[PDB]
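A.B. asks: See input_34.cif below, with mmCIF, C-alpha atoms.
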data_input
#
loop_
_atom_site.label_atom_id
_atom_site.label_comp_id
_atom_site.auth_asym_id
_atom_site.auth_seq_id
_atom_site.Cartn_x
_atom_site.Cartn_y
_atom_site.Cartn_z
CA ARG A 1 106.76 21.05 52.55
CA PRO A 2 108.97 18.54 54.41
CA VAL A 3 107.59 15.02 54.65
CA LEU A 4 108.10 14.98 58.43
CA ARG A 5 106.18 17.90 59.91
CA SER A 6 103.20 18.53 62.13
CA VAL A 7 99.98 19.27 60.28
CA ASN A 8 97.79 22.08 61.56
CA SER A 9 94.86 19.78 62.26
CA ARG A 10 93.60 21.99 65.12
CA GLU A 11 92.06 18.77 66.50
CA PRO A 12 92.99 18.56 70.21
CA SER A 13 94.54 15.35 71.51
CA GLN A 14 95.55 14.89 75.14
CA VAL A 15 98.84 13.02 75.56
CA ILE A 16 100.84 11.67 78.49
CA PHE A 17 104.64 11.76 78.16
CA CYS A 18 105.98 8.96 80.44
CA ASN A 19 109.76 8.76 80.97
CA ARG A 20 110.64 5.09 81.46
CA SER A 21 114.33 5.80 80.72
CA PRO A 22 117.19 6.70 83.10
CA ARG A 23 117.92 9.91 81.13
CA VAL A 24 116.48 13.38 81.56
CA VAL A 25 114.19 13.55 78.52
CA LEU A 26 113.81 16.47 76.08
CA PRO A 27 110.53 16.35 74.14
CA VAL A 28 111.03 17.88 70.68
CA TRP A 29 108.04 19.06 68.65
CA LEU A 30 108.42 19.24 64.87
CA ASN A 31 106.54 22.41 63.96
CA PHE A 32 104.50 23.02 60.81
CA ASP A 33 107.68 23.73 58.84
CA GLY A 34 109.28 20.57 60.24
CA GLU A 35 111.73 22.50 62.51
CA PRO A 36 112.40 21.22 66.05
CA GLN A 37 111.14 23.18 69.05
CA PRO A 38 111.98 22.09 72.63
CA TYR A 39 109.55 21.55 75.48
CA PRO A 40 110.24 21.32 79.23
CA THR A 41 112.24 18.26 80.25
CA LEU A 42 111.06 15.16 82.12
CA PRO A 43 112.97 13.44 84.95
CA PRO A 44 113.18 9.63 84.97
CA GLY A 45 110.00 7.94 86.15
CA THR A 46 107.85 11.04 85.65
CA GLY A 47 104.70 11.42 83.59
CA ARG A 48 103.17 14.65 82.35
CA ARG A 49 99.96 15.58 80.54
CA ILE A 50 100.31 17.62 77.34
CA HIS A 51 97.65 19.21 75.15
CA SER A 52 98.80 18.30 71.62
CA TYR A 53 96.94 17.77 68.32
CA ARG A 54 96.16 14.94 65.91
CA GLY A 55 98.98 14.64 63.40
CA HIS A 56 101.62 16.59 65.29
CA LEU A 57 105.07 15.02 65.31
CA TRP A 58 107.29 14.44 68.34
CA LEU A 59 110.67 12.93 69.04
CA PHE A 60 112.52 12.48 72.33
CA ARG A 61 116.18 12.91 73.22
CA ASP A 62 118.58 12.92 76.13
CA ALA A 63 118.29 16.55 77.26
CA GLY A 64 122.01 16.90 77.98
CA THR A 65 123.68 14.83 75.26
CA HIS A 66 120.98 14.72 72.56
CA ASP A 67 121.25 10.92 72.28
CA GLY A 68 118.16 9.59 70.52
CA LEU A 69 115.52 7.78 72.56
CA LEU A 70 112.51 5.63 71.70
CA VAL A 71 108.85 6.52 72.12
CA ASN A 72 106.42 3.59 72.08
CA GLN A 73 109.43 1.56 70.88
CA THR A 74 109.93 3.72 67.77
CA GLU A 75 111.47 7.06 66.82
CA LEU A 76 108.53 9.33 65.93
CA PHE A 77 105.32 9.85 67.92
CA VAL A 78 102.09 11.11 66.34
CA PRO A 79 98.96 11.70 68.46
CA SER A 80 95.58 10.43 67.38
CA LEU A 81 92.14 11.48 68.61
CA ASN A 82 91.40 10.40 72.16
CA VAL A 83 88.94 7.53 72.62
CA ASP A 84 86.70 7.66 75.69
CA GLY A 85 88.55 10.75 76.89
CA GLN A 86 91.52 8.45 77.54
CA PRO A 87 94.87 10.23 77.01
CA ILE A 88 97.30 8.70 74.53
CA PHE A 89 100.48 7.38 76.10
CA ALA A 90 103.95 8.22 74.76
CA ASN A 91 106.24 5.89 76.72
CA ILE A 92 109.88 6.91 76.42
CA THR A 93 112.57 4.28 76.77
CA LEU A 94 116.26 3.62 76.12
CA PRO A 95 117.10 1.98 72.77
CA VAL A 96 119.62 -0.83 72.62
CA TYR A 97 122.59 1.24 71.47
CA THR A 98 125.41 -0.52 69.70
CA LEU A 99 128.37 -1.08 72.01
CA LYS A 100 130.36 1.39 69.88
CA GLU A 101 127.75 4.14 70.20
CA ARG A 102 127.41 3.54 73.95
CA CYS A 103 131.18 3.83 74.40
CA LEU A 104 131.18 7.03 72.34
CA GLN A 105 128.46 8.34 74.66
CA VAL A 106 130.55 7.64 77.74
CA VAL A 107 133.75 9.12 76.28
CA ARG A 108 131.93 12.25 75.09
CA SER A 109 130.56 12.73 78.60
CA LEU A 110 134.07 12.79 80.10
CA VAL A 111 136.15 14.60 77.44
CA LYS A 112 135.69 18.13 76.14
CA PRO A 113 135.44 18.24 72.33
CA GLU A 114 138.58 20.35 71.95
CA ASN A 115 140.38 17.46 73.66
CA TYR A 116 139.05 14.52 71.63
CA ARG A 117 142.26 14.55 69.58
CA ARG A 118 144.39 14.32 72.75
CA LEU A 119 143.03 10.80 73.33
CA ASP A 120 145.41 7.93 72.56
CA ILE A 121 143.04 5.93 70.35
CA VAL A 122 142.66 4.79 66.75
CA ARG A 123 142.48 7.88 64.55
CA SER A 124 139.17 7.13 62.83
CA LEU A 125 137.46 7.39 66.24
CA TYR A 126 138.13 11.13 66.39
CA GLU A 127 135.56 11.89 63.70
CA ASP A 128 133.25 9.34 65.32
CA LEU A 129 133.44 11.23 68.60
CA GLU A 130 132.92 14.54 66.79
CA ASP A 131 129.82 13.34 64.90
CA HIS A 132 127.47 14.08 67.78
CA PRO A 133 123.87 12.83 67.90
CA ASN A 134 121.41 15.40 66.65
CA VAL A 135 117.82 15.73 65.49
CA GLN A 136 118.54 16.90 61.93
CA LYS A 137 120.58 13.82 60.94
CA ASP A 138 117.88 11.53 62.35
CA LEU A 139 115.15 13.40 60.48
CA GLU A 140 117.08 12.96 57.23
CA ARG A 141 117.38 9.21 57.83
CA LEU A 142 113.72 8.87 58.82
CA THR A 143 112.62 10.89 55.79
CA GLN A 144 114.44 8.61 53.36
CA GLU A 145 113.13 5.60 55.31
CA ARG A 146 109.58 6.95 54.87
CA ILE A 147 110.15 7.38 51.13
CA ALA A 148 111.48 3.83 50.73
CA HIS A 149 108.17 2.43 51.99
CA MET B 1 113.27 -15.30 85.84
CA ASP B 2 116.36 -16.03 83.77
CA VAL B 3 119.61 -15.38 85.65
CA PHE B 4 122.87 -14.50 83.86
CA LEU B 5 126.11 -16.01 85.03
CA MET B 6 129.85 -16.22 84.63
CA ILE B 7 131.13 -19.67 85.63
CA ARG B 8 134.80 -19.15 86.39
CA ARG B 9 137.70 -21.51 86.98
CA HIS B 10 141.38 -20.53 86.62
CA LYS B 11 141.46 -18.54 83.32
CA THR B 12 138.21 -20.02 81.97
CA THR B 13 134.98 -17.99 82.04
CA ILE B 14 131.71 -19.42 80.72
CA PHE B 15 128.94 -16.94 79.96
CA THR B 16 125.57 -18.66 80.28
CA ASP B 17 122.09 -18.28 81.74
CA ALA B 18 119.61 -20.46 83.61
CA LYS B 19 116.31 -20.19 85.46
CA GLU B 20 116.10 -19.08 89.07
CA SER B 21 113.99 -22.22 89.52
CA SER B 22 116.67 -24.56 88.15
CA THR B 23 119.05 -26.39 90.47
CA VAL B 24 122.79 -26.38 91.08
CA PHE B 25 122.85 -29.90 89.68
CA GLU B 26 121.19 -28.75 86.45
CA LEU B 27 123.89 -26.07 86.15
CA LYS B 28 126.56 -28.74 86.53
CA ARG B 29 124.85 -30.50 83.61
CA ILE B 30 125.23 -27.32 81.53
CA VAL B 31 128.92 -27.21 82.47
CA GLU B 32 129.23 -30.89 81.54
CA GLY B 33 127.92 -30.19 78.06
CA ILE B 34 130.43 -27.37 77.58
CA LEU B 35 133.61 -28.70 79.24
CA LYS B 36 133.00 -32.47 79.10
CA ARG B 37 133.36 -33.18 82.83
CA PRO B 38 130.50 -34.96 84.66
CA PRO B 39 128.73 -33.34 87.63
CA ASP B 40 130.40 -35.64 90.16
CA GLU B 41 133.75 -34.13 89.06
CA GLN B 42 132.52 -30.57 89.69
CA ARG B 43 132.00 -28.28 92.66
CA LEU B 44 130.15 -24.97 92.24
CA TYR B 45 130.60 -22.01 94.57
CA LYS B 46 128.98 -18.69 95.40
CA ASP B 47 131.98 -16.74 96.74
CA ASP B 48 133.57 -19.26 99.15
CA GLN B 49 130.31 -21.16 99.84
CA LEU B 50 129.97 -24.61 98.27
CA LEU B 51 126.59 -25.01 96.57
CA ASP B 52 124.41 -28.05 97.20
CA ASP B 53 123.08 -29.88 94.15
CA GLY B 54 119.48 -29.74 95.40
CA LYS B 55 119.18 -25.99 95.93
CA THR B 56 117.62 -23.70 93.36
CA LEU B 57 119.80 -20.91 91.98
CA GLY B 58 117.22 -18.46 93.33
CA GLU B 59 117.62 -19.76 96.88
CA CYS B 60 121.40 -19.39 96.55
CA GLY B 61 121.07 -15.74 95.66
CA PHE B 62 121.18 -15.74 91.87
CA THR B 63 118.25 -13.49 91.06
CA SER B 64 117.05 -10.96 88.49
CA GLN B 65 118.67 -8.27 90.67
CA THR B 66 122.06 -9.84 91.29
CA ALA B 67 122.52 -11.77 88.02
CA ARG B 68 121.72 -9.40 85.14
CA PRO B 69 122.72 -9.74 81.48
CA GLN B 70 124.86 -6.59 81.60
CA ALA B 71 126.24 -7.51 85.05
CA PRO B 72 126.23 -11.28 85.52
CA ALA B 73 126.84 -13.06 88.80
CA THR B 74 129.96 -15.18 89.25
CA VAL B 75 129.83 -18.90 90.01
CA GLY B 76 133.11 -20.50 91.02
CA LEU B 77 134.02 -23.90 89.60
CA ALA B 78 136.51 -26.46 90.92
CA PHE B 79 137.30 -29.80 89.26
CA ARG B 80 138.29 -33.15 90.76
CA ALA B 81 141.73 -34.30 89.62
CA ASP B 82 142.01 -38.06 90.20
CA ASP B 83 140.50 -38.70 93.64
CA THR B 84 140.82 -35.17 95.03
CA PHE B 85 139.12 -31.85 94.41
CA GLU B 86 141.37 -28.92 93.62
CA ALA B 87 140.93 -25.80 95.70
CA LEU B 88 138.74 -23.13 94.09
CA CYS B 89 141.00 -20.80 92.05
CA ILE B 90 139.82 -17.93 89.84
CA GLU B 91 142.50 -15.81 88.13
CA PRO B 92 141.66 -12.08 88.04
CA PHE B 93 141.09 -10.21 84.82
CA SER B 94 143.67 -7.63 83.77
CA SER B 95 144.07 -4.24 85.50
CA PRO B 96 142.49 -1.16 83.88
CA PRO B 97 144.76 1.82 83.21
CA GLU B 98 144.65 5.21 84.86
CA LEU B 99 142.28 7.70 83.26
CA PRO B 100 144.11 10.16 80.98
CA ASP B 101 144.21 13.70 82.34
CA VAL B 102 141.80 14.96 79.67
CA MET B 103 139.24 12.44 80.97
CA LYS B 104 139.64 13.60 84.58
CA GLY C 1 122.43 -22.43 74.41
CA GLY C 2 123.55 -25.40 72.37
CA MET C 3 126.70 -24.34 70.52
CA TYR C 4 129.39 -22.31 72.28
CA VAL C 5 132.54 -20.65 70.96
CA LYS C 6 135.82 -19.62 72.60
CA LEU C 7 137.21 -16.07 72.59
CA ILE C 8 140.76 -15.64 73.94
CA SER C 9 142.00 -12.33 75.29
CA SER C 10 145.50 -10.90 74.82
CA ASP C 11 146.44 -12.01 78.35
CA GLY C 12 145.19 -15.54 77.68
CA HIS C 13 141.82 -15.60 79.45
CA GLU C 14 139.36 -17.87 77.65
CA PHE C 15 135.73 -16.79 77.37
CA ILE C 16 133.24 -19.47 76.36
CA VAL C 17 130.05 -17.87 75.11
CA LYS C 18 126.98 -18.92 73.14
CA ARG C 19 127.64 -18.85 69.39
CA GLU C 20 124.42 -16.91 68.82
CA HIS C 21 125.53 -14.23 71.27
CA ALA C 22 129.03 -14.04 69.76
CA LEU C 23 127.47 -13.37 66.35
CA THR C 24 126.47 -9.98 67.77
CA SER C 25 130.02 -9.02 66.71
CA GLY C 26 130.32 -8.69 62.93
CA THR C 27 134.05 -9.40 63.13
CA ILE C 28 133.59 -12.60 65.14
CA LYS C 29 130.76 -13.66 62.80
CA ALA C 30 133.17 -13.15 59.90
CA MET C 31 135.88 -15.29 61.55
CA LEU C 32 133.73 -18.23 62.60
CA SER C 33 132.97 -21.15 60.29
CA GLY C 34 129.18 -21.41 60.44
CA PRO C 35 126.70 -22.92 58.00
CA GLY C 36 127.45 -20.66 55.04
CA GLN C 37 131.23 -20.56 55.48
CA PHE C 38 132.55 -24.09 56.15
CA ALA C 39 130.36 -26.06 58.58
CA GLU C 40 132.33 -29.30 58.03
CA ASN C 41 135.65 -27.63 58.94
CA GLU C 42 134.47 -25.91 62.08
CA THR C 43 136.07 -22.68 63.32
CA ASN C 44 134.89 -22.21 66.92
CA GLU C 45 137.74 -20.19 68.43
CA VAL C 46 139.06 -16.66 67.96
CA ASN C 47 142.17 -15.12 69.51
CA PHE C 48 142.41 -11.37 70.16
CA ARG C 49 146.00 -10.17 70.36
CA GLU C 50 145.12 -6.61 71.33
CA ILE C 51 142.06 -6.85 73.61
CA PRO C 52 142.75 -7.61 77.29
CA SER C 53 140.49 -9.64 79.53
CA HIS C 54 139.12 -6.69 81.55
CA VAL C 55 137.74 -5.41 78.21
CA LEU C 56 136.75 -8.68 76.48
CA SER C 57 134.75 -9.74 79.56
CA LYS C 58 132.69 -6.53 79.25
CA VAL C 59 132.25 -7.16 75.52
CA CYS C 60 130.74 -10.57 76.34
CA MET C 61 128.37 -8.92 78.83
CA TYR C 62 127.30 -6.58 76.02
CA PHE C 63 126.53 -9.61 73.82
CA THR C 64 124.24 -10.99 76.55
CA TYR C 65 122.54 -7.61 77.04
CA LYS C 66 122.02 -7.07 73.31
CA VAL C 67 120.43 -10.47 72.77
CA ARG C 68 118.26 -10.19 75.87
CA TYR C 69 116.90 -6.71 75.23
CA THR C 70 116.71 -6.31 71.42
CA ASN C 71 113.13 -6.39 70.14
CA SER C 72 111.88 -6.52 73.71
CA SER C 73 108.87 -4.61 74.98
CA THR C 74 110.14 -4.73 78.57
CA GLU C 75 111.88 -1.66 79.96
CA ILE C 76 115.58 -1.51 79.08
CA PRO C 77 118.34 -0.73 81.62
CA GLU C 78 121.43 1.26 80.73
CA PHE C 79 124.52 -0.67 79.70
CA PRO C 80 127.09 0.49 82.28
CA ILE C 81 130.71 1.33 81.46
CA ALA C 82 133.29 2.29 84.08
CA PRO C 83 135.19 5.43 82.99
CA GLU C 84 138.59 3.76 83.25
CA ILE C 85 137.67 1.10 80.64
CA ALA C 86 135.69 3.28 78.20
CA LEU C 87 138.56 4.09 75.83
CA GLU C 88 139.68 0.50 75.44
CA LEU C 89 136.10 -0.65 75.18
CA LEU C 90 135.49 1.90 72.46
CA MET C 91 138.45 0.54 70.53
CA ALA C 92 137.29 -3.04 71.02
CA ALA C 93 133.75 -2.28 69.96
CA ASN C 94 135.04 -0.50 66.89
CA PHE C 95 137.29 -3.41 66.00
CA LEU C 96 134.59 -5.98 66.68
CA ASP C 97 131.81 -4.17 64.82
CA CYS C 98 129.23 -4.30 67.58
CA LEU D 1 93.26 29.03 59.76
CA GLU D 2 95.40 30.03 62.75
CA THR D 3 98.17 27.67 63.82
CA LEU D 4 97.75 25.85 67.14
CA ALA D 5 100.90 24.58 68.83
CA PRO D 6 101.21 22.03 71.68
CA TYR D 7 100.93 23.50 75.19
CA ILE D 8 101.14 22.23 78.76
CA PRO D 9 97.97 22.89 80.80
CA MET D 10 98.32 25.28 83.71
CA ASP D 11 96.51 22.84 86.02
CA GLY D 12 98.73 19.90 85.04
CA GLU D 13 101.07 18.43 87.62
CA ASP D 14 103.75 15.80 87.21
CA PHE D 15 103.20 12.31 88.58
CA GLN D 16 105.04 9.01 88.86
CA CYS D 17 104.41 6.77 85.87
#
Just give me the structure of the file as structure tokens.
C.D. replies:
Amino acid sequence: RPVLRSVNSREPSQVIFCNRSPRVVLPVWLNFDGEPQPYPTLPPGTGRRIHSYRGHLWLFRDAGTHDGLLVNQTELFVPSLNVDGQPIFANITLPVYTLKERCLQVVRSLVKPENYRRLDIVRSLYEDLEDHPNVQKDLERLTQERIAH
Amino acid sequence: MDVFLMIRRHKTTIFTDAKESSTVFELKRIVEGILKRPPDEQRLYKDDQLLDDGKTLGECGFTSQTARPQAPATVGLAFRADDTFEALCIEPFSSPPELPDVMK
Amino acid sequence: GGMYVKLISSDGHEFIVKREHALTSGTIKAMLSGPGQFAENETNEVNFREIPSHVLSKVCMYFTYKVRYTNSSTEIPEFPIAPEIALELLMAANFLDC
Amino acid sequence: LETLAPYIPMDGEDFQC
């Protein structure tokens, strides 16, 4: 029903997740109803073979903070059929975050949420700190972006 | 590779980049274009070491590892007033505050 | 390179940075007199009354990083932020729209 | 038909990439 969901192609596709980021990476599979399911995490510099399927949908996040990451320099990864038995590479990297978002990342990592409002900063930043990264907001944005085109 | 620099004199800081394979003299030419002083009125420094016009920046230790966009290397700059070079002087940036307790 | 602009911190440090890199900041872009705004009457200097030099220097490093690594296929390093500057840097980034 | 979800092979091991 949702635009962004895995399709039950039942066509096997071998994939290699390669973490070329400095974060611990959480692979997230969008199931057939478009709901996120987590898979075991990947340390920096590590690669791992996965048995996935043509037309399944993946995204990749910081396992601890849920910051969004890039896969093959984009947001969503979709396996195709292997050619020559060669696995398909999903190379995970850091996006160029805005300076604001990167600062929010660092502050969030050092301040408990119940203490955001104890910080002596401009008031509008409180909501900014509290609007944590998360898969559902990104999927909304990507869905509208897929409609547009 | 490109190397990323801060050229610092007194309370002036130039952000710029150059090739590892370019020379100290070529960097003085960049400074000349920005601050309108010719190379012969400039001395460049890595820490307290005066840099020779003929050396490449790579040889002098400005590399992809030490001179990164997000963490550029510092080059000191001293000008010649009249017939005499000033001593190298770089004013420090301001002091960061203590972390609030809720960030500790 | 080519055209440079001057950004002055609250404690009077002057940062001379490439115009193209300074345009990373929406606020600085809005305060400079480029081609659309008034190219004849150039505005090439911006003063920041409430951002100190230990913060504005890091902002300029972010400009360099952003221009170098945007739309790059090469592997991207983290932009590092010392804990003791993060709050002020957050405020500056918010004010500078970058 | 039955649904088939992604799975990690039992003989897979991690490597440096």
A.B. asks: Select, from A:74, A:6, A:80, A:93, the residue with the minimum atom-to-atom distance to residue 37 in chain A, counting all atoms listed in the file.
C.D. replies: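 Smallest separation from residue 37 in chain A among the options: A:6.
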A.B. asks: When the PyMOL selection byres ((chain D and resi 2-6) around 9) is applied to the structure above, which residues does it catch, written out as a VMD selection string?
C.D. replies: (chain A and resid 8 to 10 29 31 to 32 50 to 53 56) or (chain D and resid 1 7 to 8)
A.B. asks: Distance cut-off 10 Å, centre (139.6, 16.4, 83.2) in file coordinates, counting only C-alpha atoms: which residues qualify? Return them as JSON, numbers by chain.
C.D. replies: {"A": [110, 111, 112, 115], "B": [99, 100, 101, 102, 103, 104]}
A.B. asks: Mind giving me the straight-line distance from CA of residue 28 in chain A to CA of residue 57 in chain A in Å, one decimal?
C.D. replies: 8.5 Å
A.B. asks: Just want the 7 Å neighbourhood of residue 100 in chain A, counted on all atoms listed in the file, with same-chain residues fewer than 4 positions away dropped. Output as a list in words.
C.D. replies: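 Listing them by chain and then by number gives residues 104 of chain A; 90, 93, 94 and 98 of chain C.
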A.B. asks: Can you translate the PyMOL selection byres ((chain C) within 8 of (chain B)) into the concrete residues it hits in this file, as a list in words?
C.D. replies: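 Selected by the PyMOL selection byres ((chain C) within 8 of (chain B)) here: residues 1, 4, 11, 12, 13, 14, 15, 16, 17, 18, 52, 53, 54, 60, 61, 62, 64, 65, 68, 79, 80, 83, 84 and 85 of chain C.
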A.B. asks: N, CA, C and O atoms for range 28-43 of chain C, written as a compact mmCIF listing (two decimals), in the frame of the given file, could you do that?
C.D. replies:
# COMPACT_ATOMS: atom_id res chain seq x y z
N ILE C 28 133.59 -11.21 64.71
CA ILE C 28 133.59 -12.60 65.14
C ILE C 28 132.76 -13.44 64.18
O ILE C 28 133.19 -14.51 63.76
N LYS C 29 131.57 -12.95 63.80
CA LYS C 29 130.76 -13.66 62.80
C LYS C 29 131.56 -13.95 61.54
O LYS C 29 131.44 -15.03 60.94
N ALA C 30 132.38 -12.98 61.11
CA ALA C 30 133.17 -13.15 59.90
C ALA C 30 134.32 -14.14 60.09
O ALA C 30 134.84 -14.64 59.09
N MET C 31 134.75 -14.39 61.33
CA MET C 31 135.88 -15.29 61.55
C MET C 31 135.47 -16.69 61.99
O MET C 31 136.34 -17.57 62.11
N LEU C 32 134.20 -16.91 62.26
CA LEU C 32 133.73 -18.23 62.60
C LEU C 32 133.25 -18.97 61.36
O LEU C 32 132.77 -18.37 60.40
N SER C 33 133.39 -20.28 61.39
CA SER C 33 132.97 -21.15 60.29
C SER C 33 131.59 -21.72 60.60
O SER C 33 131.46 -22.82 61.15
N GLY C 34 130.55 -20.98 60.23
CA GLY C 34 129.18 -21.41 60.44
C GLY C 34 128.63 -22.17 59.26
O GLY C 34 129.36 -22.79 58.48
N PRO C 35 127.30 -22.15 59.10
CA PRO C 35 126.70 -22.92 58.00
C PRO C 35 127.13 -22.46 56.62
O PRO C 35 127.46 -23.28 55.76
N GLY C 36 127.10 -21.15 56.36
CA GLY C 36 127.45 -20.66 55.04
C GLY C 36 128.92 -20.85 54.74
O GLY C 36 129.30 -21.24 53.63
N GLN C 37 129.78 -20.61 55.72
CA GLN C 37 131.23 -20.56 55.48
C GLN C 37 131.86 -21.92 55.25
O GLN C 37 132.13 -22.29 54.10
N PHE C 38 132.06 -22.69 56.32
CA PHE C 38 132.55 -24.09 56.15
C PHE C 38 132.13 -24.89 57.40
O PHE C 38 132.90 -25.12 58.33
N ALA C 39 130.88 -25.37 57.40
CA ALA C 39 130.36 -26.06 58.58
C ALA C 39 131.10 -27.37 58.86
O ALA C 39 131.26 -27.75 60.02
N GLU C 40 131.56 -28.07 57.82
CA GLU C 40 132.33 -29.30 58.03
C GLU C 40 133.63 -29.02 58.77
O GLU C 40 133.94 -29.69 59.77
N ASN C 41 134.39 -28.03 58.30
CA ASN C 41 135.65 -27.63 58.94
C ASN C 41 135.36 -26.49 59.92
O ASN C 41 135.52 -25.31 59.63
N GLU C 42 134.96 -26.87 61.12
CA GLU C 42 134.47 -25.91 62.08
C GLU C 42 135.61 -25.00 62.55
O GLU C 42 136.71 -25.44 62.89
N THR C 43 135.27 -23.70 62.65
CA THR C 43 136.07 -22.68 63.32
C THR C 43 135.24 -22.18 64.50
O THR C 43 134.22 -21.51 64.31
